[PDB]
file coords-v5.cif (mmCIF, N, CA and C atoms)
data_final
#
loop_
_atom_site.label_atom_id
_atom_site.label_comp_id
_atom_site.auth_asym_id
_atom_site.auth_seq_id
_atom_site.Cartn_x
_atom_site.Cartn_y
_atom_site.Cartn_z
N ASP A 3 134.36 87.65 123.55
CA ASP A 3 133.84 88.67 122.57
C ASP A 3 132.76 88.07 121.67
N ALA A 4 131.80 88.89 121.26
CA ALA A 4 130.65 88.36 120.52
C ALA A 4 130.05 89.49 119.74
N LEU A 5 129.24 89.12 118.76
CA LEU A 5 128.45 90.10 118.08
C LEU A 5 127.23 90.37 118.94
N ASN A 6 126.76 91.61 118.92
CA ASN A 6 125.51 91.92 119.60
C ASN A 6 124.54 92.44 118.56
N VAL A 7 123.27 92.21 118.79
CA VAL A 7 122.27 92.55 117.75
C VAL A 7 121.23 93.54 118.28
N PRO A 8 120.50 94.21 117.37
CA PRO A 8 119.57 95.26 117.87
C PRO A 8 118.34 94.78 118.63
N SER A 9 117.71 95.71 119.33
CA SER A 9 116.47 95.48 120.07
C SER A 9 115.33 96.18 119.34
N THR A 10 114.11 95.79 119.66
CA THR A 10 112.96 96.33 118.99
C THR A 10 112.23 97.17 120.03
N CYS A 11 111.98 98.45 119.73
CA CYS A 11 111.26 99.33 120.67
C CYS A 11 110.13 100.06 119.96
N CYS A 12 109.07 100.43 120.70
CA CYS A 12 108.00 101.27 120.11
C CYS A 12 108.10 102.71 120.66
N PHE A 13 108.09 103.74 119.81
CA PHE A 13 108.08 105.11 120.32
C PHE A 13 106.79 105.85 119.98
N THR A 14 105.93 105.21 119.18
CA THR A 14 104.60 105.71 118.90
C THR A 14 103.66 104.50 118.91
N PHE A 15 102.42 104.76 119.27
CA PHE A 15 101.44 103.71 119.38
C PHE A 15 100.42 103.82 118.27
N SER A 16 99.99 102.65 117.76
CA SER A 16 98.95 102.64 116.72
C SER A 16 97.66 103.27 117.18
N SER A 17 97.11 104.16 116.32
CA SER A 17 95.81 104.80 116.54
C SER A 17 94.65 104.04 115.94
N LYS A 18 94.94 103.09 115.06
CA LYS A 18 93.92 102.24 114.47
C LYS A 18 93.82 101.01 115.32
N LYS A 19 92.61 100.61 115.66
CA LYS A 19 92.34 99.33 116.30
C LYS A 19 92.15 98.30 115.18
N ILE A 20 93.18 97.52 114.92
CA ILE A 20 93.18 96.46 113.92
C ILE A 20 92.21 95.34 114.32
N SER A 21 91.71 94.60 113.33
CA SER A 21 90.83 93.46 113.56
C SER A 21 91.61 92.40 114.37
N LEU A 22 90.99 91.83 115.41
CA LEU A 22 91.67 90.80 116.18
C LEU A 22 91.95 89.57 115.33
N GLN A 23 91.09 89.31 114.36
CA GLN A 23 91.31 88.14 113.45
C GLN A 23 92.61 88.19 112.66
N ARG A 24 93.19 89.38 112.47
CA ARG A 24 94.47 89.45 111.78
C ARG A 24 95.64 89.08 112.63
N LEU A 25 95.44 88.93 113.95
CA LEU A 25 96.58 88.79 114.85
C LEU A 25 96.95 87.35 115.22
N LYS A 26 98.26 87.11 115.35
CA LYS A 26 98.83 85.81 115.67
C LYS A 26 99.30 85.76 117.13
N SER A 27 99.88 86.85 117.62
CA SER A 27 100.52 86.80 118.92
C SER A 27 100.89 88.22 119.33
N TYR A 28 101.39 88.34 120.56
CA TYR A 28 101.93 89.61 121.01
C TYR A 28 103.14 89.36 121.91
N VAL A 29 103.95 90.41 122.02
CA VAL A 29 105.05 90.45 122.99
C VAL A 29 105.06 91.80 123.68
N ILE A 30 105.62 91.86 124.89
CA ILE A 30 105.88 93.18 125.49
C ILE A 30 107.36 93.51 125.16
N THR A 31 107.66 94.77 124.83
CA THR A 31 109.03 95.12 124.47
C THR A 31 110.02 94.85 125.58
N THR A 32 111.26 94.63 125.17
CA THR A 32 112.33 94.49 126.16
C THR A 32 112.30 95.57 127.23
N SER A 33 112.70 95.19 128.45
CA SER A 33 112.72 96.16 129.52
C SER A 33 113.71 97.33 129.32
N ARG A 34 114.62 97.19 128.37
CA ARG A 34 115.58 98.23 128.05
C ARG A 34 114.96 99.47 127.34
N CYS A 35 113.80 99.29 126.72
CA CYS A 35 113.18 100.37 125.94
C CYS A 35 112.74 101.46 126.90
N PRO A 36 112.82 102.71 126.46
CA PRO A 36 112.37 103.83 127.30
C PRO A 36 110.90 103.74 127.72
N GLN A 37 110.01 103.21 126.87
CA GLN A 37 108.60 103.10 127.23
C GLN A 37 108.13 101.68 126.94
N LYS A 38 107.31 101.15 127.84
CA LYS A 38 106.69 99.83 127.66
C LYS A 38 105.67 99.87 126.49
N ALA A 39 105.69 98.82 125.67
CA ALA A 39 104.77 98.75 124.58
C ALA A 39 104.45 97.33 124.30
N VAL A 40 103.29 97.16 123.68
CA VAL A 40 102.90 95.83 123.16
C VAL A 40 103.25 95.82 121.69
N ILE A 41 103.81 94.74 121.18
CA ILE A 41 103.93 94.60 119.72
C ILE A 41 103.06 93.40 119.33
N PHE A 42 102.02 93.67 118.54
CA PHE A 42 101.25 92.60 117.97
C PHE A 42 101.92 92.08 116.71
N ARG A 43 101.89 90.76 116.52
CA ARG A 43 102.39 90.21 115.26
C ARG A 43 101.18 89.70 114.48
N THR A 44 101.01 90.15 113.23
CA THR A 44 99.85 89.71 112.47
C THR A 44 100.19 88.35 111.82
N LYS A 45 99.16 87.63 111.38
CA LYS A 45 99.33 86.34 110.71
C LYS A 45 100.15 86.49 109.45
N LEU A 46 100.18 87.69 108.89
CA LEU A 46 101.02 87.87 107.69
C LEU A 46 102.43 88.37 108.02
N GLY A 47 102.72 88.56 109.29
CA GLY A 47 104.11 88.86 109.71
C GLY A 47 104.36 90.32 110.05
N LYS A 48 103.35 91.19 109.99
CA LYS A 48 103.59 92.64 110.21
C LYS A 48 103.73 92.79 111.75
N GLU A 49 104.53 93.74 112.22
CA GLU A 49 104.61 94.05 113.66
C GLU A 49 103.93 95.39 113.87
N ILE A 50 103.01 95.45 114.86
CA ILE A 50 102.24 96.67 115.12
C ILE A 50 102.47 97.11 116.59
N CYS A 51 102.84 98.37 116.78
CA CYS A 51 103.02 98.94 118.12
C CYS A 51 101.67 99.31 118.72
N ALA A 52 101.47 99.04 120.01
CA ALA A 52 100.20 99.39 120.65
C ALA A 52 100.40 99.73 122.10
N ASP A 53 99.51 100.58 122.61
CA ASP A 53 99.66 101.14 123.95
C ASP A 53 99.12 100.12 124.97
N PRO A 54 99.95 99.62 125.88
CA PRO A 54 99.50 98.65 126.89
C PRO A 54 98.37 99.16 127.79
N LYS A 55 98.21 100.49 127.89
CA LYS A 55 97.18 101.08 128.74
C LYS A 55 95.79 101.08 128.09
N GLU A 56 95.72 100.94 126.77
CA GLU A 56 94.39 101.02 126.07
C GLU A 56 93.51 99.78 126.30
N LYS A 57 92.21 99.99 126.52
CA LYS A 57 91.30 98.87 126.79
C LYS A 57 91.38 97.83 125.64
N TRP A 58 91.33 98.28 124.40
CA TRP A 58 91.31 97.29 123.29
C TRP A 58 92.53 96.43 123.24
N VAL A 59 93.68 97.02 123.55
CA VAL A 59 94.97 96.33 123.50
C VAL A 59 94.93 95.26 124.59
N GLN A 60 94.49 95.64 125.78
CA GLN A 60 94.35 94.68 126.88
C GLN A 60 93.39 93.54 126.58
N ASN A 61 92.27 93.84 125.94
CA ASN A 61 91.30 92.80 125.60
C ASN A 61 91.94 91.86 124.59
N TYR A 62 92.71 92.41 123.63
CA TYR A 62 93.32 91.55 122.63
C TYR A 62 94.37 90.67 123.26
N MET A 63 95.15 91.20 124.22
CA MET A 63 96.19 90.41 124.88
C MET A 63 95.53 89.23 125.61
N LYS A 64 94.38 89.49 126.22
CA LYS A 64 93.63 88.41 126.92
C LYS A 64 93.19 87.35 125.92
N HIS A 65 92.77 87.75 124.72
CA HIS A 65 92.34 86.72 123.75
C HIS A 65 93.49 85.93 123.21
N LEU A 66 94.61 86.59 122.94
CA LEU A 66 95.74 85.95 122.33
C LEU A 66 96.51 85.03 123.27
N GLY A 67 96.62 85.41 124.54
CA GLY A 67 97.34 84.60 125.54
C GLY A 67 98.86 84.83 125.59
N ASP B 3 93.83 107.88 111.11
CA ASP B 3 94.33 106.79 112.03
C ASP B 3 95.08 105.72 111.26
N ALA B 4 96.16 105.23 111.86
CA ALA B 4 97.12 104.41 111.11
C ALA B 4 97.76 103.48 112.09
N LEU B 5 98.27 102.39 111.56
CA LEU B 5 99.09 101.52 112.35
C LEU B 5 100.48 102.10 112.42
N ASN B 6 101.18 101.87 113.53
CA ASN B 6 102.58 102.32 113.64
C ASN B 6 103.41 101.07 113.93
N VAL B 7 104.66 101.06 113.48
CA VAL B 7 105.50 99.88 113.58
C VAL B 7 106.77 100.17 114.41
N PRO B 8 107.38 99.11 114.92
CA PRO B 8 108.54 99.34 115.81
C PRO B 8 109.77 99.94 115.16
N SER B 9 110.68 100.41 116.03
CA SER B 9 111.95 101.01 115.68
C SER B 9 113.02 100.01 116.14
N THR B 10 114.20 100.14 115.54
CA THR B 10 115.31 99.27 115.86
C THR B 10 116.39 100.05 116.56
N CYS B 11 116.79 99.59 117.75
CA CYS B 11 117.80 100.38 118.51
C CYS B 11 118.83 99.42 119.04
N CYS B 12 119.98 99.98 119.37
CA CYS B 12 121.05 99.15 119.98
C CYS B 12 121.32 99.55 121.40
N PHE B 13 121.31 98.59 122.33
CA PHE B 13 121.57 98.92 123.73
C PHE B 13 122.94 98.46 124.21
N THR B 14 123.55 97.58 123.41
CA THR B 14 124.91 97.08 123.68
C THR B 14 125.62 97.02 122.32
N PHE B 15 126.94 97.15 122.32
CA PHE B 15 127.73 97.24 121.10
C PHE B 15 128.56 95.99 120.99
N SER B 16 128.72 95.49 119.77
CA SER B 16 129.52 94.29 119.53
C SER B 16 130.96 94.47 119.94
N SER B 17 131.49 93.46 120.64
CA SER B 17 132.91 93.39 121.00
C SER B 17 133.80 92.74 119.93
N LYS B 18 133.23 91.88 119.11
CA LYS B 18 133.98 91.27 118.02
C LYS B 18 134.02 92.21 116.84
N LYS B 19 135.21 92.52 116.35
CA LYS B 19 135.33 93.17 115.04
C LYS B 19 135.09 92.15 113.92
N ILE B 20 133.91 92.20 113.32
CA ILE B 20 133.53 91.30 112.22
C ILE B 20 134.39 91.59 110.99
N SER B 21 134.64 90.57 110.19
CA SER B 21 135.26 90.74 108.90
C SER B 21 134.51 91.73 107.99
N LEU B 22 135.23 92.69 107.41
CA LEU B 22 134.58 93.61 106.48
C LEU B 22 133.93 92.92 105.27
N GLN B 23 134.53 91.82 104.81
CA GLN B 23 134.02 91.06 103.65
C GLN B 23 132.61 90.52 103.89
N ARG B 24 132.22 90.35 105.16
CA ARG B 24 130.87 89.86 105.48
C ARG B 24 129.78 90.91 105.31
N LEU B 25 130.18 92.19 105.20
CA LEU B 25 129.23 93.28 105.28
C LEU B 25 128.70 93.77 103.95
N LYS B 26 127.45 94.23 103.99
CA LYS B 26 126.71 94.70 102.81
C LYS B 26 126.49 96.22 102.94
N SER B 27 126.06 96.67 104.13
CA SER B 27 125.66 98.07 104.27
C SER B 27 125.69 98.45 105.75
N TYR B 28 125.49 99.73 106.01
CA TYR B 28 125.19 100.17 107.37
C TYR B 28 124.18 101.30 107.42
N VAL B 29 123.54 101.44 108.60
CA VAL B 29 122.69 102.57 108.92
C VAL B 29 123.02 103.07 110.30
N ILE B 30 122.71 104.35 110.53
CA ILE B 30 122.76 104.85 111.88
C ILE B 30 121.34 104.71 112.46
N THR B 31 121.22 104.35 113.71
CA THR B 31 119.87 104.19 114.29
C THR B 31 119.04 105.48 114.30
N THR B 32 117.71 105.33 114.24
CA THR B 32 116.83 106.48 114.38
C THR B 32 117.09 107.37 115.62
N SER B 33 116.95 108.69 115.49
CA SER B 33 117.17 109.53 116.64
C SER B 33 116.18 109.26 117.78
N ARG B 34 115.15 108.48 117.52
CA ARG B 34 114.22 108.12 118.61
C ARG B 34 114.88 107.21 119.66
N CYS B 35 115.92 106.49 119.23
CA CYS B 35 116.62 105.56 120.13
C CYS B 35 117.33 106.33 121.21
N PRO B 36 117.41 105.81 122.44
CA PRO B 36 118.16 106.54 123.51
C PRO B 36 119.70 106.64 123.42
N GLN B 37 120.34 105.92 122.49
CA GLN B 37 121.77 106.09 122.23
C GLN B 37 122.08 105.89 120.75
N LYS B 38 123.13 106.55 120.28
CA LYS B 38 123.45 106.47 118.87
C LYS B 38 124.23 105.19 118.58
N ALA B 39 123.85 104.52 117.50
CA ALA B 39 124.55 103.30 117.13
C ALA B 39 124.62 103.14 115.64
N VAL B 40 125.60 102.36 115.22
CA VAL B 40 125.65 101.90 113.84
C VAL B 40 125.11 100.49 113.79
N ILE B 41 124.28 100.18 112.79
CA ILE B 41 123.89 98.76 112.57
C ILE B 41 124.50 98.40 111.23
N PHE B 42 125.37 97.40 111.22
CA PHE B 42 125.88 96.81 109.98
C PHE B 42 124.96 95.68 109.56
N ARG B 43 124.75 95.54 108.24
CA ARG B 43 123.90 94.47 107.73
C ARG B 43 124.83 93.54 106.98
N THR B 44 124.87 92.25 107.35
CA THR B 44 125.82 91.35 106.64
C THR B 44 125.17 90.88 105.35
N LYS B 45 125.99 90.32 104.46
CA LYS B 45 125.53 89.79 103.20
C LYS B 45 124.52 88.69 103.40
N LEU B 46 124.56 88.01 104.54
CA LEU B 46 123.56 86.97 104.80
C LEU B 46 122.34 87.49 105.58
N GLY B 47 122.28 88.80 105.76
CA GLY B 47 121.07 89.45 106.39
C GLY B 47 121.06 89.68 107.89
N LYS B 48 122.18 89.44 108.58
CA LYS B 48 122.21 89.57 110.04
C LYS B 48 122.43 91.07 110.31
N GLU B 49 121.88 91.57 111.39
CA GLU B 49 122.11 92.99 111.78
C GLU B 49 123.04 92.95 112.99
N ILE B 50 124.11 93.75 112.96
CA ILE B 50 125.12 93.80 114.05
C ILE B 50 125.20 95.22 114.63
N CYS B 51 125.14 95.34 115.96
CA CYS B 51 125.25 96.69 116.59
C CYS B 51 126.72 97.03 116.72
N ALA B 52 127.08 98.29 116.45
CA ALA B 52 128.49 98.71 116.62
C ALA B 52 128.56 100.17 117.08
N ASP B 53 129.64 100.47 117.78
CA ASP B 53 129.83 101.78 118.48
C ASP B 53 130.41 102.77 117.50
N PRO B 54 129.69 103.85 117.17
CA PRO B 54 130.33 104.72 116.20
C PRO B 54 131.57 105.50 116.69
N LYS B 55 131.85 105.50 118.00
CA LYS B 55 133.10 106.10 118.52
C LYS B 55 134.35 105.31 118.18
N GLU B 56 134.19 104.00 117.91
CA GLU B 56 135.33 103.08 117.71
C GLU B 56 136.00 103.30 116.36
N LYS B 57 137.34 103.24 116.31
CA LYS B 57 138.05 103.52 115.05
C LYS B 57 137.62 102.56 113.92
N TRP B 58 137.52 101.27 114.19
CA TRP B 58 137.23 100.31 113.13
C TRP B 58 135.87 100.54 112.55
N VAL B 59 134.94 100.92 113.43
CA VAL B 59 133.56 101.18 113.00
C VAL B 59 133.56 102.32 111.98
N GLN B 60 134.23 103.43 112.32
CA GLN B 60 134.30 104.55 111.39
C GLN B 60 135.00 104.15 110.06
N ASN B 61 136.06 103.35 110.17
CA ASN B 61 136.78 102.86 108.99
C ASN B 61 135.84 102.04 108.10
N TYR B 62 135.06 101.14 108.72
CA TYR B 62 134.13 100.32 107.97
C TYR B 62 133.07 101.19 107.28
N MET B 63 132.59 102.23 107.97
CA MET B 63 131.55 103.10 107.39
C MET B 63 132.11 103.80 106.13
N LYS B 64 133.39 104.12 106.17
CA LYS B 64 134.03 104.82 105.06
C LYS B 64 134.04 103.92 103.85
N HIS B 65 134.42 102.66 104.07
CA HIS B 65 134.50 101.69 102.99
C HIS B 65 133.12 101.38 102.42
N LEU B 66 132.14 101.15 103.29
CA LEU B 66 130.79 100.84 102.78
C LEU B 66 130.16 102.03 102.10
N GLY B 67 130.47 103.24 102.59
CA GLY B 67 129.89 104.49 102.12
C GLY B 67 129.20 105.21 103.27
#
call {"tool": "encode", "arguments": {"input": "coords-v5.cif", "output": "structure tokens"}}
result
Amino acid sequence: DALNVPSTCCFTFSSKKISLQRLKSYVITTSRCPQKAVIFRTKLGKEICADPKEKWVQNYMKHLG
Amino acid sequence: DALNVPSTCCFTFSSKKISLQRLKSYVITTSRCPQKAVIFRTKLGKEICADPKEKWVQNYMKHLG
């Protein structure tokens, strides 16, 4: 027996294209989420939901690695 | 246009009944999540997923409020 903890999912995608300079990293949401999403983490710690299909999101993922 | 941020959901429920003394508060997950869950927040800041069908879970919610 163990404690289990929550998962992070995106159900809406950001409509603002944030400056790439604010960003530290990205992750793709757990496969358990109903929809695939990118979560960007900013250098100040904010998490931003973004649509994996959008050109800007893809370009940012390429820059971030 | 605005940034949007992630949601917190539970996909598995804790099997350990945690001590009530460890707990600070609870919330029910957003209706955007694909299943209903309780998240307990411990006094030290940990978030724990729990099944609202379970008797102890409902008892704990009563005590916390």
call {"tool": "atom_distance", "arguments": {"input": "coords-v5.cif", "atom1": "atom CA of residue 15 of chain B", "atom2": "atom CA of residue 51 of chain A"}}
result
24.9 Å
call {"tool": "atom_distance", "arguments": {"input": "coords-v5.cif", "atom1": "atom N of residue 53 of chain A", "atom2": "atom N of residue 40 of chain A"}}
result
5.2 Å
call {"tool": "atom_distance", "arguments": {"input": "coords-v5.cif", "atom1": "atom C of residue 11 of chain B", "atom2": "atom CA of residue 57 of chain B"}}
result
20.1 Å
call {"tool": "interface_residues", "arguments": {"input": "coords-v5.cif", "of": "chain B", "to": "chain A", "cutoff": "6 Å", "atoms": "all atoms listed in the file", "output": "PyMOL selection string"}}
result
chain B and resi 3-18+49-51
call {"tool": "select_by_dssp", "arguments": {"input": "coords-v5.cif", "residues": "chain A", "states": "strand (DSSP E or B)", "output": "list in words"}}
result
residues 9, 10, 11, 25, 26, 27, 28, 29, 30, 40, 41, 42, 43, 44, 49, 50, 51 and 52 of chain A
call {"tool": "write_last_selection", "arguments": {"input": "coords-v5.cif", "atoms": "N, CA and C atoms", "output": "PDB file, keeping the file's coordinate frame"}}
result
ATOM      1  N   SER A   9     117.710  95.710 119.330  1.00  0.00           N
ATOM      2  CA  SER A   9     116.470  95.480 120.070  1.00  0.00           C
ATOM      3  C   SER A   9     115.330  96.180 119.340  1.00  0.00           C
ATOM      4  N   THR A  10     114.110  95.790 119.660  1.00  0.00           N
ATOM      5  CA  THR A  10     112.960  96.330 118.990  1.00  0.00           C
ATOM      6  C   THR A  10     112.230  97.170 120.030  1.00  0.00           C
ATOM      7  N   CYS A  11     111.980  98.450 119.730  1.00  0.00           N
ATOM      8  CA  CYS A  11     111.260  99.330 120.670  1.00  0.00           C
ATOM      9  C   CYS A  11     110.130 100.060 119.960  1.00  0.00           C
ATOM     10  N   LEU A  25      95.440  88.930 113.950  1.00  0.00           N
ATOM     11  CA  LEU A  25      96.580  88.790 114.850  1.00  0.00           C
ATOM     12  C   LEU A  25      96.950  87.350 115.220  1.00  0.00           C
ATOM     13  N   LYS A  26      98.260  87.110 115.350  1.00  0.00           N
ATOM     14  CA  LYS A  26      98.830  85.810 115.670  1.00  0.00           C
ATOM     15  C   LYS A  26      99.300  85.760 117.130  1.00  0.00           C
ATOM     16  N   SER A  27      99.880  86.850 117.620  1.00  0.00           N
ATOM     17  CA  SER A  27     100.520  86.800 118.920  1.00  0.00           C
ATOM     18  C   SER A  27     100.890  88.220 119.330  1.00  0.00           C
ATOM     19  N   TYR A  28     101.390  88.340 120.560  1.00  0.00           N
ATOM     20  CA  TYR A  28     101.930  89.610 121.010  1.00  0.00           C
ATOM     21  C   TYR A  28     103.140  89.360 121.910  1.00  0.00           C
ATOM     22  N   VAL A  29     103.950  90.410 122.020  1.00  0.00           N
ATOM     23  CA  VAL A  29     105.050  90.450 122.990  1.00  0.00           C
ATOM     24  C   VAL A  29     105.060  91.800 123.680  1.00  0.00           C
ATOM     25  N   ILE A  30     105.620  91.860 124.890  1.00  0.00           N
ATOM     26  CA  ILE A  30     105.880  93.180 125.490  1.00  0.00           C
ATOM     27  C   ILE A  30     107.360  93.510 125.160  1.00  0.00           C
ATOM     28  N   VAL A  40     103.290  97.160 123.680  1.00  0.00           N
ATOM     29  CA  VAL A  40     102.900  95.830 123.160  1.00  0.00           C
ATOM     30  C   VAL A  40     103.250  95.820 121.690  1.00  0.00           C
ATOM     31  N   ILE A  41     103.810  94.740 121.180  1.00  0.00           N
ATOM     32  CA  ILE A  41     103.930  94.600 119.720  1.00  0.00           C
ATOM     33  C   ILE A  41     103.060  93.400 119.330  1.00  0.00           C
ATOM     34  N   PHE A  42     102.020  93.670 118.540  1.00  0.00           N
ATOM     35  CA  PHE A  42     101.250  92.600 117.970  1.00  0.00           C
ATOM     36  C   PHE A  42     101.920  92.080 116.710  1.00  0.00           C
ATOM     37  N   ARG A  43     101.890  90.760 116.520  1.00  0.00           N
ATOM     38  CA  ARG A  43     102.390  90.210 115.260  1.00  0.00           C
ATOM     39  C   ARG A  43     101.180  89.700 114.480  1.00  0.00           C
ATOM     40  N   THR A  44     101.010  90.150 113.230  1.00  0.00           N
ATOM     41  CA  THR A  44      99.850  89.710 112.470  1.00  0.00           C
ATOM     42  C   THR A  44     100.190  88.350 111.820  1.00  0.00           C
ATOM     43  N   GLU A  49     104.530  93.740 112.220  1.00  0.00           N
ATOM     44  CA  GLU A  49     104.610  94.050 113.660  1.00  0.00           C
ATOM     45  C   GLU A  49     103.930  95.390 113.870  1.00  0.00           C
ATOM     46  N   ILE A  50     103.010  95.450 114.860  1.00  0.00           N
ATOM     47  CA  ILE A  50     102.240  96.670 115.120  1.00  0.00           C
ATOM     48  C   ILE A  50     102.470  97.110 116.590  1.00  0.00           C
ATOM     49  N   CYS A  51     102.840  98.370 116.780  1.00  0.00           N
ATOM     50  CA  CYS A  51     103.020  98.940 118.120  1.00  0.00           C
ATOM     51  C   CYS A  51     101.670  99.310 118.720  1.00  0.00           C
ATOM     52  N   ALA A  52     101.470  99.040 120.010  1.00  0.00           N
ATOM     53  CA  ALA A  52     100.200  99.390 120.650  1.00  0.00           C
ATOM     54  C   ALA A  52     100.400  99.730 122.100  1.00  0.00           C
TER      55      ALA A  52
END
call {"tool": "select_by_dssp", "arguments": {"input": "coords-v5.cif", "residues": "chain B", "states": "helix (DSSP H, G or I)", "output": "PDB file with N, CA and C atoms, in the coordinates of the input"}}
result
ATOM      1  N   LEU B  22     135.230  92.690 107.410  1.00  0.00           N
ATOM      2  CA  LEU B  22     134.580  93.610 106.480  1.00  0.00           C
ATOM      3  C   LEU B  22     133.930  92.920 105.270  1.00  0.00           C
ATOM      4  N   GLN B  23     134.530  91.820 104.810  1.00  0.00           N
ATOM      5  CA  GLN B  23     134.020  91.060 103.650  1.00  0.00           C
ATOM      6  C   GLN B  23     132.610  90.520 103.890  1.00  0.00           C
ATOM      7  N   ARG B  24     132.220  90.350 105.160  1.00  0.00           N
ATOM      8  CA  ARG B  24     130.870  89.860 105.480  1.00  0.00           C
ATOM      9  C   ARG B  24     129.780  90.910 105.310  1.00  0.00           C
ATOM     10  N   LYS B  57     137.340 103.240 116.310  1.00  0.00           N
ATOM     11  CA  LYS B  57     138.050 103.520 115.050  1.00  0.00           C
ATOM     12  C   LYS B  57     137.620 102.560 113.920  1.00  0.00           C
ATOM     13  N   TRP B  58     137.520 101.270 114.190  1.00  0.00           N
ATOM     14  CA  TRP B  58     137.230 100.310 113.130  1.00  0.00           C
ATOM     15  C   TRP B  58     135.870 100.540 112.550  1.00  0.00           C
ATOM     16  N   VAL B  59     134.940 100.920 113.430  1.00  0.00           N
ATOM     17  CA  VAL B  59     133.560 101.180 113.000  1.00  0.00           C
ATOM     18  C   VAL B  59     133.560 102.320 111.980  1.00  0.00           C
ATOM     19  N   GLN B  60     134.230 103.430 112.320  1.00  0.00           N
ATOM     20  CA  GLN B  60     134.300 104.550 111.390  1.00  0.00           C
ATOM     21  C   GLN B  60     135.000 104.150 110.060  1.00  0.00           C
ATOM     22  N   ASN B  61     136.060 103.350 110.170  1.00  0.00           N
ATOM     23  CA  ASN B  61     136.780 102.860 108.990  1.00  0.00           C
ATOM     24  C   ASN B  61     135.840 102.040 108.100  1.00  0.00           C
ATOM     25  N   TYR B  62     135.060 101.140 108.720  1.00  0.00           N
ATOM     26  CA  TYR B  62     134.130 100.320 107.970  1.00  0.00           C
ATOM     27  C   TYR B  62     133.070 101.190 107.280  1.00  0.00           C
ATOM     28  N   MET B  63     132.590 102.230 107.970  1.00  0.00           N
ATOM     29  CA  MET B  63     131.550 103.100 107.390  1.00  0.00           C
ATOM     30  C   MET B  63     132.110 103.800 106.130  1.00  0.00           C
ATOM     31  N   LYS B  64     133.390 104.120 106.170  1.00  0.00           N
ATOM     32  CA  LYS B  64     134.030 104.820 105.060  1.00  0.00           C
ATOM     33  C   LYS B  64     134.040 103.920 103.850  1.00  0.00           C
ATOM     34  N   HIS B  65     134.420 102.660 104.070  1.00  0.00           N
ATOM     35  CA  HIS B  65     134.500 101.690 102.990  1.00  0.00           C
ATOM     36  C   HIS B  65     133.120 101.380 102.420  1.00  0.00           C
ATOM     37  N   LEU B  66     132.140 101.150 103.290  1.00  0.00           N
ATOM     38  CA  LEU B  66     130.790 100.840 102.780  1.00  0.00           C
ATOM     39  C   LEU B  66     130.160 102.030 102.100  1.00  0.00           C
TER      40      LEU B  66
END
call {"tool": "closest_residue", "arguments": {"input": "coords-v5.cif", "among": "B:45, B:60, B:65, B:54", "to": "residue 23 of chain B", "atoms": "only N, CA and C atoms"}}
result
B:45
call {"tool": "build_atoms", "arguments": {"input": "coords-v5.cif", "residues": "segment 11-21 of chain A", "atoms": "N, CA, C and O atoms", "output": "PDB file, in the frame of the given file"}}
result
ATOM      1  N   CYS A  11     111.980  98.450 119.730  1.00  0.00           N
ATOM      2  CA  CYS A  11     111.260  99.330 120.670  1.00  0.00           C
ATOM      3  C   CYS A  11     110.130 100.060 119.960  1.00  0.00           C
ATOM      4  O   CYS A  11     110.222 100.245 118.737  1.00  0.00           O
ATOM      5  N   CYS A  12     109.070 100.430 120.700  1.00  0.00           N
ATOM      6  CA  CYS A  12     108.000 101.270 120.110  1.00  0.00           C
ATOM      7  C   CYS A  12     108.100 102.710 120.660  1.00  0.00           C
ATOM      8  O   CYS A  12     108.147 102.891 121.867  1.00  0.00           O
ATOM      9  N   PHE A  13     108.090 103.740 119.810  1.00  0.00           N
ATOM     10  CA  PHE A  13     108.080 105.110 120.320  1.00  0.00           C
ATOM     11  C   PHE A  13     106.790 105.850 119.980  1.00  0.00           C
ATOM     12  O   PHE A  13     106.625 106.980 120.392  1.00  0.00           O
ATOM     13  N   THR A  14     105.930 105.210 119.180  1.00  0.00           N
ATOM     14  CA  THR A  14     104.600 105.710 118.900  1.00  0.00           C
ATOM     15  C   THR A  14     103.660 104.500 118.910  1.00  0.00           C
ATOM     16  O   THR A  14     104.074 103.368 118.659  1.00  0.00           O
ATOM     17  N   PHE A  15     102.420 104.760 119.270  1.00  0.00           N
ATOM     18  CA  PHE A  15     101.440 103.710 119.380  1.00  0.00           C
ATOM     19  C   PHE A  15     100.420 103.820 118.270  1.00  0.00           C
ATOM     20  O   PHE A  15      99.985 104.919 117.914  1.00  0.00           O
ATOM     21  N   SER A  16      99.990 102.650 117.760  1.00  0.00           N
ATOM     22  CA  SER A  16      98.950 102.640 116.720  1.00  0.00           C
ATOM     23  C   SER A  16      97.660 103.270 117.180  1.00  0.00           C
ATOM     24  O   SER A  16      97.189 102.979 118.265  1.00  0.00           O
ATOM     25  N   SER A  17      97.110 104.160 116.320  1.00  0.00           N
ATOM     26  CA  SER A  17      95.810 104.800 116.540  1.00  0.00           C
ATOM     27  C   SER A  17      94.650 104.040 115.940  1.00  0.00           C
ATOM     28  O   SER A  17      93.501 104.356 116.208  1.00  0.00           O
ATOM     29  N   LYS A  18      94.940 103.090 115.060  1.00  0.00           N
ATOM     30  CA  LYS A  18      93.920 102.240 114.470  1.00  0.00           C
ATOM     31  C   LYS A  18      93.820 101.010 115.320  1.00  0.00           C
ATOM     32  O   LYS A  18      94.831 100.412 115.643  1.00  0.00           O
ATOM     33  N   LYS A  19      92.610 100.610 115.660  1.00  0.00           N
ATOM     34  CA  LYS A  19      92.340  99.330 116.300  1.00  0.00           C
ATOM     35  C   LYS A  19      92.150  98.300 115.180  1.00  0.00           C
ATOM     36  O   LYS A  19      91.090  98.236 114.568  1.00  0.00           O
ATOM     37  N   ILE A  20      93.180  97.520 114.920  1.00  0.00           N
ATOM     38  CA  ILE A  20      93.180  96.460 113.920  1.00  0.00           C
ATOM     39  C   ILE A  20      92.210  95.340 114.320  1.00  0.00           C
ATOM     40  O   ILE A  20      91.957  95.130 115.495  1.00  0.00           O
ATOM     41  N   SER A  21      91.710  94.600 113.330  1.00  0.00           N
ATOM     42  CA  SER A  21      90.830  93.460 113.560  1.00  0.00           C
ATOM     43  C   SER A  21      91.610  92.400 114.370  1.00  0.00           C
ATOM     44  O   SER A  21      92.725  92.054 114.011  1.00  0.00           O
TER      45      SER A  21
END
